[PDB]
**Student:** 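Below is a structure I'd like to ask you about.
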Protein chains: 2
Amino acid sequence: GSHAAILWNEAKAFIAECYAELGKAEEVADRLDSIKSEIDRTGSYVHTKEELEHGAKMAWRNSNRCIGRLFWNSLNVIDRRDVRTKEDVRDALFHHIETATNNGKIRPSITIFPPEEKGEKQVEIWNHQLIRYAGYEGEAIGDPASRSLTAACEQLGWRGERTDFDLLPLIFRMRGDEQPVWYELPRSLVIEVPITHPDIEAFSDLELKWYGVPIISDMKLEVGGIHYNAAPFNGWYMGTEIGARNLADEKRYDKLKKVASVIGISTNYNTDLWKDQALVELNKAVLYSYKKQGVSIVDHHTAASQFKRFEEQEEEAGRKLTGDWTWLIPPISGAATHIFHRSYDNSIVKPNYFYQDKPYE
Amino acid sequence: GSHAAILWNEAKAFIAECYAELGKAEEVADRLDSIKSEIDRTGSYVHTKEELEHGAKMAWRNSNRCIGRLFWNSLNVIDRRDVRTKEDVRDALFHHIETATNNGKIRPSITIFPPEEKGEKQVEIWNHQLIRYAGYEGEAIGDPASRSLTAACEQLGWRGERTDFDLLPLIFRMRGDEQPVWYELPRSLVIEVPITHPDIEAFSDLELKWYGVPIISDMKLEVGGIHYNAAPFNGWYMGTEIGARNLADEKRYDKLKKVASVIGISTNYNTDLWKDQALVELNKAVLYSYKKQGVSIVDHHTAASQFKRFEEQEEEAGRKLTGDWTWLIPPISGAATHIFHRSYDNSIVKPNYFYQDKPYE
Ligand code: HEM
Ligand code: HEM
C-alpha cells in the first residue's frame with residue numbers, strides 16, 4: 001500500500017535526474033510508463049545496466065563523508081544481479097578483490113548484487129569489509145573493532161590462529177537460509193603491506209602490516225527506491241586511515257607508545273608532543289610502505305587537494321555540494337588542508353550509501 | 001514592551017539556577033520581587049557581586065567550544081561596572097593584562113564592564129583580543145586576521161612600524177562618542193615568547209615569537225537577560241592554537257614550508273608527510289618555549305585529559321554536558337584524544353558568551 005507509493009515517487013525523481021545527466025531526456029516518458037506497469041504487476045522494478053551503473057556513481061558523489069569523490073565518474077561497476085547460489089556470491093566477491101586490487105594499481109569498483117524484493121534480502125553480507133583482521137580478548141589480540149564479528153564467525157565453525165593479523169573469512173547469508181556460510185580467503189588474492197620506515201631501520205621491529213584494499217561490504221546502496229543491501233565497494237586507502245586511526249587509536253591497535261620507542265623518543269611528557277611525532281613517523285611509514293610494494297595510496301594533502309577540485313567541478317556543473325566536515329577533515333594536521341577552513345552542508349541527497357543494522361550482535 | 005518581558009523571563013531562570021548552586025534557595029523569592037520592581041522603575045536590573053561572579057563562571061561552563069572548562073569555578077572575576085571615563089576603561093584593561101599575566105603564571109580572569117541599558121552600549125571594545133599583532137598588504141606583512149582592525153586603527157591616527165609582530169593598540173568607544181579612542185600598549189605589560197626548539201638550534205633563524213596571554217575582548221557575556229557586551233576574558237594558551245593555527249594556516253603566518261627548511265626536510269612530496277613533521281616540530285617548539293620563559297601553556301593531550309575529568313564532574317553534578325565537537329578536537333592528532341571518539345550536544349545554554357557584530361568593516 002504505502003510501500004508501492006514511496007517506490008514510485010523515488011523512481012520518478014531518480015529517472016529524471018539520471019537521464020538528464022546522461023542526455024536521454026526524451027526517453028524519460030516511455031521509461032516511466034514501463035516502470036509504473038512493473039510496480040503494479042510485480043511490486044518492484046528492475047534497473048537497466050546504464051541506470052544502476054550511473055546510480056552507483058551518483059551515490060558516490062553524494063557521499064558526504066568521502067574525501068575521494070573527485071573520481072566518482074570512473075567507478076568500475078560490476079553487475080552481478082544474476083547470482084542465485086552461495087558459490088555465485090563467493091566467486092563474485094573473490095572476483096571483486098582480484099579486479100579491484102589489480103596487482104596494486106587499485107581500481108575503484110563496486111559489485112552489484114540482487115536488491116531486496118518485498119523488504120527481504122536476497123544476499124546478506126556480514127563482513128564490514130571483505131578483507132579485515134580478526135579480534136579477540138583475555139588481553140587484546142587482533143583488531144578490537146572486529147571482535148563481535150569474530151565471535152559470530154567462531155559460532156559457525158571458523159577458528160583463527162589468534163595472531164594480530166588473522167584474515168576473517170567471507171561470511172554471508174542467502175535467502176531461505178537461517179544461518180550464513182563462510183569461506184576462507186585465498187592468500188594469493190589478498191595483498192598485504194609490511195610497514196617499514198625510509199630512514200629508521202628499527203621500525204620493522206614493530207612487525208606491523210596492513211591489507212592493501214579496503215572494501216566496505218556492509219552498506220546499503222539506495223538507487224531510485226530500490227535497496228541494494230549487498231553492494232561492496234572500494235577505493236584506495238588514504239594513509240591516515242591506517243597510521244592515524246587503525247594503528248593509532250587506543251581502541252584499535254594502540255601503537256603510538258611502541259612507535260615512540262623505535263624512533264628514539266621518550267613518552268614521559270605531553271609537552272614533548274611525542275604522540276604527534278609518533279603519528280607523523282607512523283604515517284610517513286605507511287605511505288612509503290604502500291608505494292614501495294606498488295600498492296595505491298594517497299596522502300591527506302593530495303587527497304584534500306583533489307577534493308578541492310571536486311568542489312569546483314560541482315559548482316561548474318551547477319550541483320549543490322554536500323559534506324560532513326567532521327569526517328572530511330583528516331585526523332592528522334586538519335588545519336593544513338582547505339577542508340578545515342570552510343563549512344559543508346550535511347544534507348542527505350539520494351542516491352547514496354547508508355548504514356544498516358548488523359545481523360550479528 | 002516586549003524587551004521588558006524577555007528580560008524578566010531570563011532573570012527568573014537565572015536567579016533560580018544560580019541561587020540553587022550557591023545554596024541560597026530561600027533568598028530567591030525576596031530577590032525576584034526586588035528585580036520585578038527594578039525593571040518597572042528603570043527598565044533593567046543590577047546584578048549583585050555574587051550574581052555576576054558566578055554568572056561569568058556558569059557562562060564559561062556552558063561554552064561548547066572551550067576545552068579548558070575544567071577550571072570554570074576558579075575564574076578570577078574583576079568587577080569594573082563603576083567605570084565612567086575612557087581613562088577608567090584603559091586602566092582596567094591595563095590592570096587586566098597585568099593581573100592575568102601574573103609574571104607568567106597566568107590566572108584565568110574576566111573584567112566586567114557596564115552592560116547595555118536600553119540596548120545601547122556603555123563601553124564598546126573594538127579589539128578581538130587585548131594583545132594581538134597587526135596586519136598589512138602589498139605582499140603579506142603581520143597577521144592577516146587583523147587586517148580590517150589594523151586599517152580601522154590607522155584611520156584613527158595610529159601607525160604601525162610594519163614588522164610581522166606590531167602590537168595593535170587598545171581601541172574602544174565610550175557612550176556618547178562617535179568614534180573610538182586608542183592607547184598604545186606599554187611593552188613592560190606585554191610578555192612575548194621567542195620560539196626556539198630544544199634539539200634544533202637553527203630554529204631561531206625563523207625569528208618567530210608570540211604573545212603570552214590571549215584575552216578575547218570582543219564577545220558578549222549574557223547573564224540573566226543582561227548583556228555585558230564588554231567583558232574581556234582570558235585563559236592560557238593551548239600550544240596548538242599557536243603552532244598549528246596562528247603560525248601554520250595558509251591564511252595566517254603560513255610558516256610550515258620555512259619550518260621544514262630549518263629542520264632539514266624536503267617539501268617535495270606530500271607522501272613524505274613534511275607538513276605533518278613540520279607541525280609536530282613547530283608545536284614542540286611552542287611548548288618548550290613557553291615553559292622555558294615561565295609562561296603557562298598546556299599541550300593538547302593534557303588539555304583533553306583535563307576536559308575528560310570535566311565531563312565526569314558534570315555527570316556527577318547532574319548537569320547536561322554541551323560541546324561543539326568541531327572546535328573541541330585539537331587541530332593536530334585529534335584521534336589521539338578521547339574527544340574525537342565521542343559525540344557532543346551542541347545546544348546553547350545560557351549564561352554564555354556570544355559573538356557580536358564588529359563595529360569596523
Ligand atoms: C578513490 C579513493 C577514495 C578515497 C581516497 C576515499 C577516502 C575516504 C575517507 C578518508 C573516508 C573516511 C573513512 C574513515 O575515517 O573511516 C571515506 C569515507 C567514505 N567514503 Fe570514501 N574514498 C574513496 C573512494 C570511495 C568510493 C569508491 C566510494 C563509493 C562508491 C566511497 C564512499 C564513502 C562513504 C560512504 C564513506 C563513509 C563510510 C563510513 O561512514 O564508514 N569512497 N572515504
Ligand atoms: C584555562 C584555559 C583555557 C584553555 C586551555 C582553553 C582552550 C580553548 C581552546 C583550545 C579553544 C579553541 C580556540 C580556537 O580554536 O580558536 C577555546 C575556545 C573558547 N573558550 Fe577557552 N580555554 C581556556 C579558558 C577559557 C575561559 C577563561 C573562558 C571564559 C571564561 C573560555 C571560553 C571559550 C570560548 C567561548 C571559546 C570559543 C571562542 C571562539 O569561538 O572564538 N575559555 N578554548
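Any value given below was found using the heavy atoms of this structure, including those in side chains, with hydrogens, waters and symmetry copies removed. Here is the naming used below: chain letters follow the sequence lines, and residue numbers restart at 1 for every chain.
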**Student:** Check each atom of A:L279 against the heavy atoms of chain B and say whether the ones under 4.5 Å are side chain, backbone, both or neither.
**Tutor:**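 Looking at A:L279, just its side chain touches chain B.
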**Student:** Kindly check if the number of other-residue, nucleotide or ligand heavy atoms within 6.0 Å of CD (B:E312) is above 12?
**Tutor:** yes
**Student:** Assess whether atom OH of A:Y360 is packed by more than 12 heavy atoms of other residues, nucleotides or ligands within 6.0 Å.
**Tutor:**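 Count over threshold, so yes.
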**Student:** Quick check on A:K251: does its NZ atom have over 12 non-hydrogen neighbours (other residues, nucleotides or ligands) under 6.0 Å away?
**Tutor:**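 It does not: A:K251 NZ has 12 such atoms or fewer within range.
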**Student:** Checking side-chain polar atoms at under 3.5 Å, does B:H300 have a donor or acceptor matched by the opposite partner on A:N270?
**Tutor:** no
**Student:** How far does CH2 of A:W325 sit from CH2 of B:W325, to the nearest 0.5 angstrom?
**Tutor:** 6.5 Å
**Student:** With a cut-off of 6.0 Å (strictly less than), are more than 12 heavy atoms of other residues, nucleotides or ligands near NZ of A:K308?
**Tutor:** no
**Student:** Between B:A244 and A:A335, which heavy-atom pair has the shortest distance, and what is it?
**Tutor:**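 Residues B:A244 and A:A335, closest heavy atoms: O-CB, 4.0 Å.
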**Student:** Tell me whether B:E361 at atom CD has more than 12 heavy atoms from other residues, nucleotides or ligands lying less than 6.0 Å away.
**Tutor:** yes
**Student:** Heavy-atom distance under 4.5 Å to chain B: side chain of A:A248, backbone, both or neither?
**Tutor:**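 Neither part.
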**Student:** Under 4.5 Å heavy-atom distance to chain B, tell me which part of A:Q277 shows up: side chain, backbone, both or neither.
**Tutor:**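 Both backbone and side chain of A:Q277 come within 4.5 Å of chain B.
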**Student:** Could you tell me which of A:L273, A:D272, A:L287, A:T302 has the largest number of non-hydrogen atom pairs under 4.5 Å with chain B?
**Tutor:** A:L273
**Student:** At a heavy-atom separation under 4.5 Å, does A:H341 approach chain B through its side chain, its backbone, both, or neither?
**Tutor:** side chain
**Student:** Just wondering, are more than 12 heavy atoms of other shown residues or ligands nearer than 6.0 Å to CG in B:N268?
**Tutor:**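 Counting neighbours around CG of B:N268, more than 12 heavy atoms of other residues, nucleotides or ligands fall under 6.0 Å, so yes.
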**Student:** Which region of A:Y290, side chain (C-beta onward) or backbone (N, CA, C, O), has a non-hydrogen atom less than 4.5 Å from a non-hydrogen atom of chain B, or is it both or neither?
**Tutor:** neither
**Student:** Does some side-chain heavy atom of B:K284 sit less than 4.5 Å from a side-chain heavy atom of A:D276?
**Tutor:** no
**Student:** Contact between A:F340 and B:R245 at the side-chain level, heavy atoms closer than 4.5 Å - yes or no?
**Tutor:** yes
**Student:** Is the number of heavy atoms from other residues, nucleotides or ligands within 6.0 Å of NZ (A:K255) greater than 12?
**Tutor:** yes
**Student:** What closest approach, in Å, do A:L256 and B:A336 show between heavy atoms, and which atom pair accounts for it?
**Tutor:** CD1-CB, 4.5 Å
**Student:** For B:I329, is it the side chain, the backbone, both, or neither that has a heavy atom closer than 4.5 Å to a heavy atom of chain A?
**Tutor:**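 It is the side chain, since no backbone atom gets that close.
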**Student:** What part of A:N283 gets within 4.5 angstrom of chain B, counting heavy atoms only: side chain, backbone, both, or neither?
**Tutor:** both
**Student:** Closest heavy-atom contact between A:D299 and B:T271?
**Tutor:** OD1-N, 3.7 Å
**Student:** Flag yes if more than 12 heavy atoms outside B:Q356 fall under 6.0 Å of its CD atom; otherwise flag no.
**Tutor:** yes
